[PDB]
Amino acid sequence: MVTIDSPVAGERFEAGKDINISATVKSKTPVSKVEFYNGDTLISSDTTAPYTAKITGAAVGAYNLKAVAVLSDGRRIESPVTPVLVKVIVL
Ligand code: NA
Ligand code: NA
């Protein structure tokens, strides 16, 4: 399986802060890279566990975070989507 461990679904953040994203991959097949998305846009990828990306200086809005493990055989494994919201100020 592939899981986003941070942030958690529904978390709120403040504008201009980095959103640090962490993902865990459990597989028998070697992982070539974990690709990190916001909606359909590729943020970055990581070839080395623990797998992470960051949205640096996050602008305001709704972000739908997903991780996709690409195994060495080509097979893609999706995480569920982790939606977060970035606001001007979080009370
Ligand atoms: Na890493
Ligand atoms: Na397979």
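Read-outs throughout are calculated quantities, based only on the coordinates presented, and are distinct from any laboratory measurement. Neighbour counts run over all protein chains shown; Cβ positions are idealised from the backbone, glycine included.
Of all residues in the stretch 67-91, those being assigned to a strand (DSSP E or B) and either within 16 Å of ligand 2 (Cβ to nearest atom) or within 20 Å of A15 (Cα to Cα) (or both) number 13. All of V34, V60 fail the test of being among the β-branched types (V, I, T) and within 26 Å of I89 (Cα to Cα), apart from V60. Using the structure shown, decide if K66 is touching a residue at least 60 places away in the same chain (Cβ under 8 Å), surrounded by 11 or more Cβ atoms within 10 Å (Cβ to Cβ) and basic (K, R). For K66, the condition - touching a residue at least 60 places away in the same chain (Cβ under 8 Å), surrounded by 11 or more Cβ atoms within 10 Å (Cβ to Cβ) and basic (K, R) - is met. Taking the conditions (1) farther than 19 Å from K33 by Cα; (2) in contact (Cβ under 8 Å) with a residue 12 or more places away in the chain in turn, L91 satisfies each one other than (2). Among the residues of the stretch 53-63, just one is surrounded by 15 or more Cβ atoms within 10 Å (Cβ to Cβ) and not in a strand (DSSP E or B), namely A58.
Among the residues of the stretch 22-51, which ones are touching a residue at least 12 places away in the same chain (Cβ under 8 Å), closer than 19 Å to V86 by Cα and of a type in the set (S, T, Y)?
Step one: of the stretch 22-51, the residues touching a residue at least 12 places away in the same chain (Cβ under 8 Å) are 22-27, 29-39, 43, 45-47, 49-51.
Right, trim to closer than 19 Å to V86 by Cα and you get 22, 36-39, 43.
If the condition is that a residue be touching a residue at least 12 places away in the same chain (Cβ under 8 Å), closer than 19 Å to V86 by Cα and of a type in the set (S, T, Y), then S22, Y37 are the ones that fit.
For residues that are surrounded by fewer than 13 Cβ atoms within 10 Å (Cβ to Cβ) and within 14 Å of ligand 1 (Cβ to nearest atom), scanning just the stretch 21-52, find the one that is nearest to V70 (Cα to Cα). Only one residue tops the list, namely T47.
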